[PDB]
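Engineer: Mind having a look at this structure? Questions to follow.
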Amino acid sequence: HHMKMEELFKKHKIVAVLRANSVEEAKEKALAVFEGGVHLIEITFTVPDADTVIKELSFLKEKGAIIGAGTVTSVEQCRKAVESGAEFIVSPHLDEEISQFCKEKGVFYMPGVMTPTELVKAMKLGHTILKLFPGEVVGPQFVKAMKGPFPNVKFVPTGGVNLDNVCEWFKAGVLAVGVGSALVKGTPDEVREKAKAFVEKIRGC
Numbered sequence: 411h412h413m414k415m416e417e418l419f420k421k422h423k424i425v426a427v428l429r430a431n432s433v434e435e436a437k438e439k440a441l442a443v444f445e446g447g448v449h450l451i452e453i454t455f456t457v458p459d460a461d462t463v464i465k466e467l468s469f470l471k472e473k474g475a476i477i478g479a480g481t482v483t484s485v486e487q488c489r490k491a492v493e494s495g496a497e498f499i500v501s502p503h504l505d506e507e508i509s510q511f512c513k514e515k516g517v518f519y520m521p522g523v524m525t526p527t528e529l530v531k532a533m534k535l536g537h538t539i540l541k542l543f544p545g546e547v548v549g550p551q552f553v554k555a556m557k558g559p560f561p562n563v564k565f566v567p568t569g570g571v572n573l574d575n576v577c578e579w580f581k582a583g584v585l586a587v588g589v590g591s592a593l594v595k596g597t598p599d600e601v602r603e604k605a606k607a608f609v610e611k612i613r614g615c
């Protein structure tokens with residue numbers, strides 16, 4: 411599902427990275443963010459019964475939400491995520507066993523990298539769309555610096571994205587941004603409004 415997923419990220423521009431302390435909290439956050447215009451929703455596997463959160467958000471899937479799994483650190487989590495109907499898989503690092511498994515299952519996997527050597531290793535396993543993490547450390551300047559040497563790599567940072575810098579991130583050449591607490595933290599009313607505000611900022615640039 412790679413070129414479908416790439417165009418989805420390119421079109422929608424923002425992934426909501428959901429951390430939550432419960433299934434109910436995750437689900438209402440996912441909902442609030444989607445209601446605010448965010449169609450790409452990354453359910454982090456630090457969430458209890460993350461696999462069950464995903465399954466149960468199929469009602470939102472029917473609305474056109476693209477729901478995947480984040481912070482996947484094992485093929486076990488990945489199998490569960492995929493079985494639950496994750497449409498994409500994100501990890502903080504590069505896991506070659508998860509790479510293989512997703513190739514096998516035809517599932518779009520976005521591994522994390524932080525260095526050029528890490529990036530090259532990711533590319534050699536077939537990955538050109540990479541999670542930049544943590545984006546607080548490897549910021550817009552990292553994205554820009556990789557453009558020359560690695561012109562076919564496209565980053566989606568998590569960490570270090572807010573309203574005030576999101577445009578700088580796109581100027582640097584990101585495909586999309588992953589956003590956590592700046593978006594998903596607070597009450598569904600507030601999450602919905604932050605989502606709205608994010609979608610508008612990005613449309614603006």
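Residue numbers (this note's numbering): 411 to 615.
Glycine included, C-beta positions come from ideal geometry on N, C-alpha and C.
What number of angstroms, rounded off, separates the C-alpha of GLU435 from the C-alpha of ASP461?
Structural biologist: When rounded, the distance between both Cα atoms is 14 Å.
Engineer: Identify whether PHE498 lies in helix, strand or coil by the three-state DSSP scheme.
Structural biologist: DSSP places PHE498 in strand when its eight states are reduced to three.
Engineer: Which two residues bound the contiguous beta strand (DSSP E) that contains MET520?
Structural biologist: Residues 518-520.
Engineer: Kindly indicate which three-state DSSP category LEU470 falls into: helix, strand or coil?
Structural biologist: Reduced to three states, the DSSP call for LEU470 is helix.
Engineer: Only counting the same chain, and skipping five residues up and downstream in sequence, which positions put a Cβ closer than 8 Å to that of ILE508?
Structural biologist: Only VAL482, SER484, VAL485, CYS488, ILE499, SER501, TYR519 and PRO521 meet the Cβ criterion.
Engineer: If we count the other Cβ atoms within 10 Å of its Cβ and call it buried at 16 or more, is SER494 buried or exposed?
Structural biologist: That one is buried.
Engineer: Just to confirm my understanding: we take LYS513, look at its own chain, exclude 5 residues before and 5 after, and list those with CB closer than 6 Å. What are they?
Structural biologist: Answer for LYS513: no residue qualifies.
Engineer: Provide the residue span of the beta strand (DSSP E) that contains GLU610, from first to last.
Structural biologist: Taken as a continuous stretch (DSSP letters only), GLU610 belongs to no beta strand (DSSP E), being part of the alpha helix (DSSP H) at 598-614.
Engineer: Among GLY549, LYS554 and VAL553, which residue has its Cα nearest to the Cα of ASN572?
Structural biologist: Considering only alpha carbons, the answer is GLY549.
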